[PDB]
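Report on one structure; see the data block that follows.
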Amino acid sequence: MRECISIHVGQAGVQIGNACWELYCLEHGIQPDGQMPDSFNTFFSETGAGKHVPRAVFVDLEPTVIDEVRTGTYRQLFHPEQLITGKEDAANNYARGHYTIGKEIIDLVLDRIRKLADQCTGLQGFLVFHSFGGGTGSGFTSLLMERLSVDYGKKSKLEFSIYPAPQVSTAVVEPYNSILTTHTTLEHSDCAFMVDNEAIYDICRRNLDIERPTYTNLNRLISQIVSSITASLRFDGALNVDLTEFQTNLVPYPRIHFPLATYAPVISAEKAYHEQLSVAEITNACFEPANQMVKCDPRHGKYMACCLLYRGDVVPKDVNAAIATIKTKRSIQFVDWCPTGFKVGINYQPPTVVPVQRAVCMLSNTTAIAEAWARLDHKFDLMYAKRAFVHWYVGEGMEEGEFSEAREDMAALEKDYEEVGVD
Amino acid sequence: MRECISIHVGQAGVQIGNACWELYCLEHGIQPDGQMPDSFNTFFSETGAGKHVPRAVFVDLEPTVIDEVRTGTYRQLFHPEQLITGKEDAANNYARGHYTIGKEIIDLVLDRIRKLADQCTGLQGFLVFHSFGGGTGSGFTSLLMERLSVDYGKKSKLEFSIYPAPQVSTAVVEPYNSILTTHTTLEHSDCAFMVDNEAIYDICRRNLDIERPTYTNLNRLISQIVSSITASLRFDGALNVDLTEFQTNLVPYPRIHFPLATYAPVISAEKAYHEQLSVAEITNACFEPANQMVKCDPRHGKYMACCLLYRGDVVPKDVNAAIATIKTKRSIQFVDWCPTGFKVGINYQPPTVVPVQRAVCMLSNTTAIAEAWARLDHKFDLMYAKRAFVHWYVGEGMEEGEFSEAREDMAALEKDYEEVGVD
Amino acid sequence: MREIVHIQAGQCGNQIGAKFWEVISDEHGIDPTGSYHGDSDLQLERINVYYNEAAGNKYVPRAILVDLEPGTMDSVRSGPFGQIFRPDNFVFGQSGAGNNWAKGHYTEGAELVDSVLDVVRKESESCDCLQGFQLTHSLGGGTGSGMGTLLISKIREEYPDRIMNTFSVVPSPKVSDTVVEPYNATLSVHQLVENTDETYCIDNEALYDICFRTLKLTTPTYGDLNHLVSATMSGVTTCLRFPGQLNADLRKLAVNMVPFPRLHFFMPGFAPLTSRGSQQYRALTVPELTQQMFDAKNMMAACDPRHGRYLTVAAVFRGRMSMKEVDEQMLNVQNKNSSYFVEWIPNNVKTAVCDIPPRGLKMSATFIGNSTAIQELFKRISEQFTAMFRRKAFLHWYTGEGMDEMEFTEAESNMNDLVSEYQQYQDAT
Ligand SMILES: Nc1nc2c(ncn2[C@@H]2O[C@H](COP(=O)(O)CP(=O)(O)OP(=O)(O)O)[C@@H](O)[C@H]2O)c(=O)[nH]1
Ligand SMILES: Nc1nc2c(ncn2[C@@H]2O[C@H](COP(=O)(O)OP(=O)(O)OP(=O)(O)O)[C@@H](O)[C@H]2O)c(=O)[nH]1
Ligand SMILES: Nc1nc2c(ncn2[C@@H]2O[C@H](COP(=O)(O)OP(=O)(O)OP(=O)(O)O)[C@@H](O)[C@H]2O)c(=O)[nH]1
Ligand SMILES: [Mg+2]
Ligand SMILES: [Mg+2]
Ligand SMILES: [Mg+2]
């Protein structure tokens with residue numbers, strides 16, 4: 001009766017969704033053919049025959065990666081009216097994804113939403129797997145979110161996004177993407193989510209015993225996070241926290257909606273022993289700086305709000321002693337005027353494995369993330385100091401002052417976390 | 001409920017620990033796989049599954065001897081987050097272990113302590129198996145002990161160390177190690193322990209019928225001592241003496257904390273007969289000078305305090321007559337103003353064998369050990385009279401007067417035992 | 001979709017394409033006839049971009065061959081991969097340009113251009129979606145100089161959005177095979193700086209060097225001279241023709257690299273390179289493929305990166321590979337050669353990873369570089385121009401075709417406008 005649809009924008013989001021719906025089919029026992037040999041209306045719908053289809057929309061301006069789903073192993077799962085392709089990519093040009101090509105096939109993707117919104121009645125959240133690296137994953141992202149608040153307005157819109165890395169940075173105009181996309185995702189998205197590529201590597205290198213990771217394995221870490229956020233809807237625990245509450249819990253002021261995800265425990269197969277993984281043991285590893293997936297030191301700021309989504313085998317009194325430890329420390333410290341800073345969620349379902357006992361997803365809306373914007377503002381100034389690459393965005397119809405209008409917009413964003421940090 | 005963790009510093013301490021935890025697994029019936037087909041929380045902890053792990057931390061700056069554990073027979077016993085290796089050794093340079101390389105991986109080893117200190121609640125002592133011969137076993141030893149009194153301060157810190165030999169001496173700058181390490185282990189260690197290599201040989205040669213010993217067999221003698229010191233915690237005798245009492249019993253003044261270990265009876269297999277090994281027979285062999293493991297004649301000074309840790313099969317009245325003999329002799333004599341100079345400990349557990357009825361560990365804080373420092377001060381003067389090897393410690397960042405500051409520090413150490421000897 | 005139309009010119013550039021389409025033949029399993037024999041079905045999934053699938057199990061090279069004398073067209077059609085082309089597309093003159101730019105651009109350039117611009121129109125109409133046009137020619141001869149440059153100005157009048165790349169060989173630094181090589185460079189410089197989106201620039205002498213330094217060859221033929229550019233051109237679009245862990249195409253390479261439209265003159269780079277037997281005694285992995293690129297000797301344009309400053313860096317890999325093995329190597333090498341780059345770009349290393357290797361070795365990489373080292377070659381070329389111009393020699397040919405000094409002078413000034421702008425950002429930091 002309760003639903004939560006998903007949209008995938010750009011090439012980086014599709015390869016996230018290739019591992020996500022790989023995991024969801026293994027959750028409810030679904031085959032790649034939509035077949036299984038109760039309450040799962042959030043991510044699936046039933047046909048007239050005994051087949052289930054995903055509530056997913058795959059958009060791309062280049063026809064490459066969607067053919068990898070249209071010819072891959074997960075081929076028969078998807079409705080061919082969902083698989084939407086373009087012809088010419090934005091090709092790491094935000095003005096092409098926002099003005100040139102994305103304005104043409106915008107009619108088809110938005111029409112597929114209401115075709116999914118017929119059978120949905122408990123519409124409780126949206127999923128937009130979009131990166132800020134590629135132009136298609138960013139230029140279409142701004143055009144998509146404008147119509148939905150015109151469409152729904154009151155319904156929830158969540159973005160499990162990918163943060164551009166401060167050191168290991170692939171493309172060139174990746175600093176140009178973030179400042180331009182700021183005005184959309186601060187005025188439409190109810191709670192955006194930042195994940196950096198860079199912190200994943202040492203988790204793969206040290207904690208997962210494989211120094212040289214693959215992008216197939218980078219998606220496996222985030223796919224476990226997205227499932228355990230939905231662990232209250234898809235199942236039944238003693239304390240089920242639905243997605244309406246998170247945007248009401250984690251948001252003290254309606255502009256501040258940038259937490260970070262933290263999955264724990266992250267172990268290897270050989271290190272599955274030499275440990276016991278009690279509920280007090282693993283939550284201290286959550287607040288370890290080298291276990292999070294965002295390159296931000298949590299002891300460089302203060303926590304505004306914290307959330308903990310447990311699964312597996314959990315007794316709350318045993319967690320009650322675990323939370324009592326973290327308030328009674330000193331290197332871990334909160335925003336002082338928020339003394340009630342925990343949101344606990346327990347599900348009695350084990351964390352499934354993709355080819356352990358319990359697992360924790362930590363969601364901490366903190367002030368440690370605010371330094372990451374300043375590391376990216378420093379990138380954007382010098383490339384705009386030369387007026388470099390202006391003839392591509394202006395070459396694809398964009399105002400020069402539209403950079404400058406969004407330039408001060410980050411300063412009003414940055415002064416928020418500075419103001420909340422002091423008493 | 002009561003715990004006692006162990007740390008191994010340098011190459012010589014690891015090969016001690018290779019035979020120690022070999023013995024502990026044979027005590028409680030533990031396999032090398034942490035498996036066994038009650039109260040042993042002192043040296044072990046239980047996983048979620050039925051496996052137990054040792055409370056041991058192996059540090060080394062060279063990767064050689066730790067690979068001998070990482071590939072040896074005792075491979076699966078150890079948590080791979082405990083097995084800590086470096087890259088470049090101190091290589092018999094104390095200034096490299098104290099300034100150059102040991103300052104880098106100091107963060108990892110100290111972090112493993114609090115990860116062990118979670119499950120510990122009756123933290124009653126530390127074990128640091130460090131030699132004074134190698135630079136890594138001495139240079140890391142000073143850096144390690146400074147943080148722990150900042151960490152704990154009140155908790156017990158014990159060092160089962162290896163004394164450098166006055167005649168059979170391997171390296172060259174071994175006199176340089178002892179004077180530099182003096183200021184740390186006299187200001188942090190609650191009760192240090194000296195064991196010389198040289199007295200072990202004649203015990204192996206005469207009393208053990210093998211004139212040519214191996215370093216595998218040298219570790220077997222000290223490993224029996226370390227177990228019977230813990231014989232009150234790990235088991236139940238009629239007079240259990242815990243490790244809090246020893247540092248309160250054996251220490252009349254808080255600088256004097258240098259006793260010596262004496263294991264007895266030390267017999268061979270063919271000499272297991274032609275004897276009866278009564279409790280009065282073997283304790284006279286304890287005060288024999290050729291049965292101790294420190295090259296110091298006990299009839300060249302006076303005893304300040306004595307301790308006797310029995311195991312096997314012991315009746316205290318039968319020991320009461322045995323102790324009455326030793327006070328009623330003349331060649332064995334005490335410090336006269338300490339007339340109550342015995343600490344007795346009985347455990348009803350037999351001394352286990354590594355591939356008899358009773359065993360005695362003797363701990364005698366005496367003034368006979370004070371001549372061993374003067375034999376090593378005589379080595380250190382002439383090598384510093386030439387100003388030899390100054391360009392390595394100064395070549396690795398060390399003050400010349402830091403030798404001279406520690407030079408008079410041994411004189412204040414040496415005048416302690418001289419002052420207590422007279423009435 | 002996004003098909004690509006191929007145009008040739010000159011006499012050097014045809015023999016390169018006479019080897020380049022042999023490279024594309026075995027990168028798609030294409031026989032010398034025109035049929036198909038490959039086994040991997042990833043070839044047929046994107047076969048359309050360089051080939052029209054003609055009627056009845058056929059595949060024809062979507063290519064336009066242009067000469068001005070029937071010799072080189074006869075040599076292609078008689079040798080290998082000549083019957084694979086369409087006989088309708090052998091569009092060639094009868095005179096020969098006479099090694100004159102003005103003959104290829106004014107008198108004889110106006111004749112055959114109408115025959116070409118229908119064939120360009122016939123392919124561009126037949127293509128479902130059009131990506132861009134590519135040209136392989138000379139800058140030293142007559143047909144490669146005038147005839148190719150006359151086309152591109154007519155194409156910019158047609159298509160504003162379609163990309164354009166010329167794999168034009170730079171006139172030679174020290175050897176002088178062409179007597180009038182400034183007069184075929186400078187009059188060709190002005191067309192390239194106006195309306196070519198990206199422009200590939202290869203020195204002759206470094207191609208002799210790379211065939212002699214790393215490989216240690218004794219008798220290098222043009223089948224092995226020009227073969228290195230043939231693998232180079234294939235590595236530009238190898239992320240288009242096959243899927244990857246990070247795909248790329250000709251528009252992604254353009255907007256990432258070119259910082260301002262007057263600075264788009266690039267340099268290649270290819271790895272690995274061995275001998276016939278000295279091929280296994282080396283750890284041919286990512287760090288070897290890392291450090292093989294960034295040295296001065298791997299650049300097919302003879303220029304020292306130490307005597308200059310980069311602006312942007314692209315890198316296209318081939319074959320299956322991990323990422324932190326690549327990424328840290330693609331990050332740390334910016335710090336050891338730190339002062340050689342420029343200040344105002346953070347992380348100027350563009351990475352591109354396909355998932356299909358060449359038919360051969362397991363992994364391969366294609367380097368696309370941009371630096372200020374190339375402008376120092378033009379000061380030689382401007383000196384080579386003015387040495388033959390301060391006496392005003394060789395003018396009566398161009399006077400016989402009809403041209404003032406100002407067209408020579410402003411193009412030399414526009415050559416100096418290239419000088420005044422690559423020096424400008426080099427002086428800045
Ligand atoms: N790397 C190569 N350079 C070549 C080759 N053939 C010629 N060249 C160079 O190209 C220049 C000559 O240009 P072309 O071969 O294209 C002569 P083209 O048909 O363009 O015009 P004409 O002078 O009217 O014959 C000159 O600098 C030669 O050194 C070749 O196979 N490889
Ligand atoms: N989460 C995730 N991000 C990835 C992965 N591979 C690449 N990325 C990121 O995606 C960025 C590129 O974005 P893409 O989605 O591939 O490109 P696009 O949105 O389609 O836009 P254009 O292709 O330029 O038109 C890279 O810079 C990386 O930061 C992956 O497997 N997972
Ligand atoms: N107790 C004991 N001591 C040993 C044994 N083998 C050697 N030693 C002593 O160890 C001293 C050398 O110390 P090491 O621990 O090996 O060296 P290190 O501290 O790792 O520093 P390096 O100089 O880098 O090797 C020798 O001089 C011996 O006195 C052994 O089996 N048992
Ligand atoms: Mg893409
Ligand atoms: Mg050693
Ligand atoms: Mg020619």
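Please note that chains go A, B, ... in the order of the structure tokens, that every chain numbers its residues from 1, and that ligands are numbered from 1 in the order shown.
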Ligand 4: which residues are within 6 Å, counting only C-alpha atoms and all ligand atoms, as a PyMOL selection string?
chain A and resi 10-11+134
May I have the selected residues written with N, CA and C atoms, as a PDB file, in the first residue's frame?
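Saved as part22.pdb:
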```pdb
ATOM      1  N   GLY A  10      21.855   9.845 -15.625  1.00  0.00           N
ATOM      2  CA  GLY A  10      23.256   9.821 -15.973  1.00  0.00           C
ATOM      3  C   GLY A  10      23.835   8.423 -15.932  1.00  0.00           C
ATOM      4  N   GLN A  11      25.070   8.320 -16.425  1.00  0.00           N
ATOM      5  CA  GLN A  11      25.718   7.021 -16.576  1.00  0.00           C
ATOM      6  C   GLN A  11      26.132   6.440 -15.230  1.00  0.00           C
ATOM      7  N   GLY A 134      29.346  13.692 -14.327  1.00  0.00           N
ATOM      8  CA  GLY A 134      28.949  13.801 -15.709  1.00  0.00           C
ATOM      9  C   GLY A 134      27.910  14.878 -15.937  1.00  0.00           C
TER      10      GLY A 134
END
```
How would you report the residues lying within 6 Å of ligand 6, as a list in words, if you count only C-alpha atoms and all ligand atoms?
residues 10, 11 and 141 of chain C
Could the residues in this selection be written to a file with C-alpha atoms, as a PDB file, in the first residue's frame?
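Listing of again_28.pdb after writing:
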```pdb
ATOM      1  CA  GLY C  10      46.900  14.548 -50.124  1.00  0.00           C
ATOM      2  CA  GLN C  11      49.292  11.685 -50.765  1.00  0.00           C
ATOM      3  CA  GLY C 141      52.333  18.780 -50.236  1.00  0.00           C
TER       4      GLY C 141
END
```
Distance criterion (only C-alpha atoms): nearest to chain A out of C:160, C:272, C:369, C:243
C:243
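Computed from the coordinates, the CA of residue 218 (chain B) to atom 1 (N, counted along the ligand's line) of ligand 3 distance equals 6.9 Å.
Residues in contact with residue 154 (chain B) at up to 12 Å, not including ones fewer than 2 positions away on its chain and judged by only C-alpha atoms, are residues 123, 124, 125, 126, 148, 149, 150, 151, 152, 156, 157, 188, 189, 190 and 244 of chain B.
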Kindly provide, as a PyMOL selection string, all nucleotide and amino acid residues lying within 8 Å of ligand 3, counting only C-alpha atoms and all ligand atoms.
chain B and resi 9-16+60-62+89-93+130-139+161-165+169-171+174+197+214-216+218-219
Give the residues close to ligand 1, within 6 Å, counting only C-alpha atoms and all ligand atoms; write them as a PyMOL selection string.
chain C and resi 10-12+96-99+137-138+140-144+171+177-178+204+222+226
Residue selection dump (N, CA and C atoms) as a PDB file, in the first residue's frame:
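The new file out_22.pdb reads:
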```
ATOM      1  N   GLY C  10      45.457  14.617 -50.033  1.00  0.00           N
ATOM      2  CA  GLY C  10      46.900  14.548 -50.124  1.00  0.00           C
ATOM      3  C   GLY C  10      47.400  13.235 -50.697  1.00  0.00           C
ATOM      4  N   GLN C  11      48.658  12.941 -50.390  1.00  0.00           N
ATOM      5  CA  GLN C  11      49.292  11.685 -50.765  1.00  0.00           C
ATOM      6  C   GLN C  11      49.825  10.919 -49.566  1.00  0.00           C
ATOM      7  N   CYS C  12      50.332  11.628 -48.554  1.00  0.00           N
ATOM      8  CA  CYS C  12      50.684  10.983 -47.294  1.00  0.00           C
ATOM      9  C   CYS C  12      49.451  10.508 -46.543  1.00  0.00           C
ATOM     10  N   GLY C  96      46.958  16.798 -60.537  1.00  0.00           N
ATOM     11  CA  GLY C  96      47.994  16.882 -59.531  1.00  0.00           C
ATOM     12  C   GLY C  96      48.236  18.324 -59.144  1.00  0.00           C
ATOM     13  N   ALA C  97      48.325  18.598 -57.841  1.00  0.00           N
ATOM     14  CA  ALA C  97      48.354  19.973 -57.355  1.00  0.00           C
ATOM     15  C   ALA C  97      49.672  20.686 -57.623  1.00  0.00           C
ATOM     16  N   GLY C  98      50.702  19.980 -58.084  1.00  0.00           N
ATOM     17  CA  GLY C  98      51.970  20.607 -58.400  1.00  0.00           C
ATOM     18  C   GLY C  98      52.756  21.111 -57.214  1.00  0.00           C
ATOM     19  N   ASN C  99      52.426  20.633 -56.008  1.00  0.00           N
ATOM     20  CA  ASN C  99      52.987  21.093 -54.733  1.00  0.00           C
ATOM     21  C   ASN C  99      52.823  22.604 -54.582  1.00  0.00           C
ATOM     22  N   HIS C 137      45.620  14.118 -44.014  1.00  0.00           N
ATOM     23  CA  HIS C 137      46.228  14.769 -45.165  1.00  0.00           C
ATOM     24  C   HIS C 137      47.648  15.184 -44.787  1.00  0.00           C
ATOM     25  N   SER C 138      48.253  16.042 -45.601  1.00  0.00           N
ATOM     26  CA  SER C 138      49.562  16.607 -45.318  1.00  0.00           C
ATOM     27  C   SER C 138      49.442  18.098 -45.047  1.00  0.00           C
ATOM     28  N   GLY C 140      52.532  19.581 -46.112  1.00  0.00           N
ATOM     29  CA  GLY C 140      53.718  19.872 -46.886  1.00  0.00           C
ATOM     30  C   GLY C 140      53.487  19.822 -48.379  1.00  0.00           C
ATOM     31  N   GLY C 141      52.597  18.943 -48.822  1.00  0.00           N
ATOM     32  CA  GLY C 141      52.333  18.780 -50.236  1.00  0.00           C
ATOM     33  C   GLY C 141      51.414  19.848 -50.787  1.00  0.00           C
ATOM     34  N   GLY C 142      50.865  19.566 -51.964  1.00  0.00           N
ATOM     35  CA  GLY C 142      49.925  20.478 -52.580  1.00  0.00           C
ATOM     36  C   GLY C 142      48.492  20.069 -52.328  1.00  0.00           C
ATOM     37  N   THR C 143      48.200  18.788 -52.563  1.00  0.00           N
ATOM     38  CA  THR C 143      46.837  18.290 -52.415  1.00  0.00           C
ATOM     39  C   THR C 143      46.426  18.246 -50.949  1.00  0.00           C
ATOM     40  N   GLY C 144      47.356  17.893 -50.062  1.00  0.00           N
ATOM     41  CA  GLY C 144      47.053  17.913 -48.644  1.00  0.00           C
ATOM     42  C   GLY C 144      46.921  19.304 -48.070  1.00  0.00           C
ATOM     43  N   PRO C 171      54.905  20.201 -40.795  1.00  0.00           N
ATOM     44  CA  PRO C 171      56.122  20.223 -41.611  1.00  0.00           C
ATOM     45  C   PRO C 171      57.366  20.000 -40.770  1.00  0.00           C
ATOM     46  N   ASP C 177      62.198  17.749 -46.838  1.00  0.00           N
ATOM     47  CA  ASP C 177      61.747  16.967 -47.981  1.00  0.00           C
ATOM     48  C   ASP C 177      61.008  17.854 -48.975  1.00  0.00           C
ATOM     49  N   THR C 178      60.261  18.829 -48.470  1.00  0.00           N
ATOM     50  CA  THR C 178      59.549  19.786 -49.301  1.00  0.00           C
ATOM     51  C   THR C 178      60.361  21.071 -49.395  1.00  0.00           C
ATOM     52  N   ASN C 204      57.411  15.042 -38.165  1.00  0.00           N
ATOM     53  CA  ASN C 204      57.977  13.918 -38.898  1.00  0.00           C
ATOM     54  C   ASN C 204      59.124  13.272 -38.143  1.00  0.00           C
ATOM     55  N   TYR C 222      57.171   2.886 -44.405  1.00  0.00           N
ATOM     56  CA  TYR C 222      55.973   3.677 -44.138  1.00  0.00           C
ATOM     57  C   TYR C 222      54.829   2.816 -43.624  1.00  0.00           C
ATOM     58  N   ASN C 226      53.912   5.058 -40.660  1.00  0.00           N
ATOM     59  CA  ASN C 226      52.553   5.565 -40.551  1.00  0.00           C
ATOM     60  C   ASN C 226      51.635   4.649 -39.755  1.00  0.00           C
TER      61      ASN C 226
END
```
Considering only C-alpha atoms and all ligand atoms, give me a table of residues in chain C that are at most 7 Å from ligand 2, with the closest atom pair and distance in Å for each, as CSV.
```
residue,atom,partner,partner_atom_place_in_ligand_line,distance
C:245,CA,ligand 2,6 (N),6.4
C:246,CA,ligand 2,7 (C),6.1
C:252,CA,ligand 2,24 (O),6.5
```
Taking N, CA and C atoms for each residue, export the selection above as a PDB file, in the first residue's frame.
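Saved file result_34.pdb follows:
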```pdb
ATOM      1  N   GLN C 245      34.068   1.010 -18.546  1.00  0.00           N
ATOM      2  CA  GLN C 245      33.786   1.422 -17.180  1.00  0.00           C
ATOM      3  C   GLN C 245      33.718   2.936 -17.052  1.00  0.00           C
ATOM      4  N   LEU C 246      34.270   3.658 -18.024  1.00  0.00           N
ATOM      5  CA  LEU C 246      34.109   5.105 -18.131  1.00  0.00           C
ATOM      6  C   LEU C 246      34.224   5.433 -19.617  1.00  0.00           C
ATOM      7  N   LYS C 252      33.201  14.562 -25.749  1.00  0.00           N
ATOM      8  CA  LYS C 252      33.767  14.591 -24.403  1.00  0.00           C
ATOM      9  C   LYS C 252      35.237  14.978 -24.430  1.00  0.00           C
TER      10      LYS C 252
END
```
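Near residue 371 (chain B), within 9 Å and counting only C-alpha atoms, sit residues 296, 300, 367, 368, 374, 375, 376 and 414 of chain B, not including residues fewer than 3 positions from it in the same chain.
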Excluding residue 67 (chain A) and any residue of its chain fewer than 3 positions from it, enumerate the residues within 10 Å of it, using only C-alpha atoms, and give them as a PyMOL selection string.
(chain A and resi 62-64+70-72+75+83+85) or (chain C and resi 45+243)
Check every residue of chain C for an atom within 10 Å of chain A, counting only C-alpha atoms, and provide those that qualify as a VMD selection string.
chain C and resid 1 to 2 45 to 46 128 to 131 240 to 261 312 to 314 321 to 328 330 to 332 343 to 352 425 428
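Listed by chain and then by rising number, the residues of region 30-178 of chain B that DSSP assigns to strand (DSSP E) from the backbone are residues 44, 45, 46, 52, 53, 54, 56, 57, 58, 59, 122, 123, 124, 125, 126, 127, 128, 129, 130, 158, 159 and 160 of chain B.
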Please find the residues of chain B near chain A - the criterion being any atom within 12 Å, counting only C-alpha atoms - and write them as a ChimeraX atom specification.
/B:33-35,44-55,76-82,111,114-119
Residue subset to file, keeping C-alpha atoms, as a short mmCIF file (atom, residue, chain, number, x, y, z; two decimals), in the first residue's frame:
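Saved file again.cif follows:
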```
data_model
loop_
_atom_site.label_atom_id
_atom_site.label_comp_id
_atom_site.auth_asym_id
_atom_site.auth_seq_id
_atom_site.Cartn_x
_atom_site.Cartn_y
_atom_site.Cartn_z
CA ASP B 33 42.67 -22.40 15.69
CA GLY B 34 41.35 -20.72 18.85
CA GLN B 35 39.10 -23.74 19.40
CA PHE B 44 41.55 -14.64 26.26
CA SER B 45 38.25 -13.33 24.97
CA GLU B 46 35.35 -15.14 23.33
CA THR B 47 34.01 -14.36 19.88
CA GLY B 48 30.40 -14.64 18.78
CA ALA B 49 31.20 -18.12 17.54
CA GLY B 50 33.06 -20.59 19.72
CA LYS B 51 36.56 -19.25 19.10
CA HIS B 52 38.96 -17.50 21.46
CA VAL B 53 41.59 -14.94 20.51
CA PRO B 54 44.73 -13.92 22.43
CA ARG B 55 45.05 -10.51 24.02
CA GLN B 76 44.91 -18.79 12.56
CA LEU B 77 45.06 -17.85 16.25
CA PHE B 78 45.77 -14.15 15.78
CA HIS B 79 43.55 -11.31 14.67
CA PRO B 80 45.24 -9.75 11.59
CA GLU B 81 44.54 -6.30 13.03
CA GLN B 82 46.80 -7.27 15.93
CA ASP B 111 44.78 2.41 19.12
CA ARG B 114 41.60 0.68 23.68
CA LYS B 115 40.03 -1.71 21.17
CA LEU B 116 41.09 -4.43 23.58
CA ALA B 117 40.19 -2.29 26.60
CA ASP B 118 36.50 -2.31 25.63
CA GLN B 119 35.84 -5.92 26.66
#
```
Exercise: residue 406 (chain A) partners within 10 Å, only C-alpha atoms, chain neighbours under 6 positions left out, as a ChimeraX atom specification
/A:178-183,412
Any chance you could list, as a PyMOL selection string, the residues in region 157-357 of chain B that come up helix (DSSP H, G or I) when DSSP is run on the backbone?
chain B and resi 174-180+182-185+198-207+215-229+243-249+270-272+279-286+298-300+316-327
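Separating CA of residue 423 (chain B) from CA of residue 321 (chain B) is a distance of 28.5 Å.
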Got a sec: who's within 10 Å of residue 312 (chain A), counting only C-alpha atoms, leaving out chain neighbours fewer than 4 positions off, as a PyMOL selection string?
chain A and resi 237+346-352+356-360
Please produce a file of the residues just selected, as an mmCIF file, in the first residue's frame, where the atoms kept are C-alpha atoms.
```
data_model
loop_
_atom_site.group_PDB
_atom_site.id
_atom_site.type_symbol
_atom_site.label_atom_id
_atom_site.label_comp_id
_atom_site.auth_asym_id
_atom_site.auth_seq_id
_atom_site.Cartn_x
_atom_site.Cartn_y
_atom_site.Cartn_z
ATOM 1 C CA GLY A 237 11.150 -4.455 13.168
ATOM 2 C CA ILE A 346 15.687 -1.650 14.469
ATOM 3 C CA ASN A 347 14.693 -4.281 11.920
ATOM 4 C CA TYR A 348 14.721 -8.013 12.629
ATOM 5 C CA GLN A 349 16.081 -8.902 9.195
ATOM 6 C CA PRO A 350 19.681 -9.945 8.515
ATOM 7 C CA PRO A 351 21.888 -7.963 6.121
ATOM 8 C CA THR A 352 21.802 -10.055 2.974
ATOM 9 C CA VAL A 356 27.139 -11.711 8.967
ATOM 10 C CA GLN A 357 24.790 -11.204 11.923
ATOM 11 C CA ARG A 358 23.991 -7.492 12.103
ATOM 12 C CA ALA A 359 24.595 -4.199 10.308
ATOM 13 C CA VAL A 360 24.378 -0.471 11.050
#
```
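For the pair CA of residue 341 (chain B) and CA of residue 279 (chain B), the interatomic distance is 18.3 Å.
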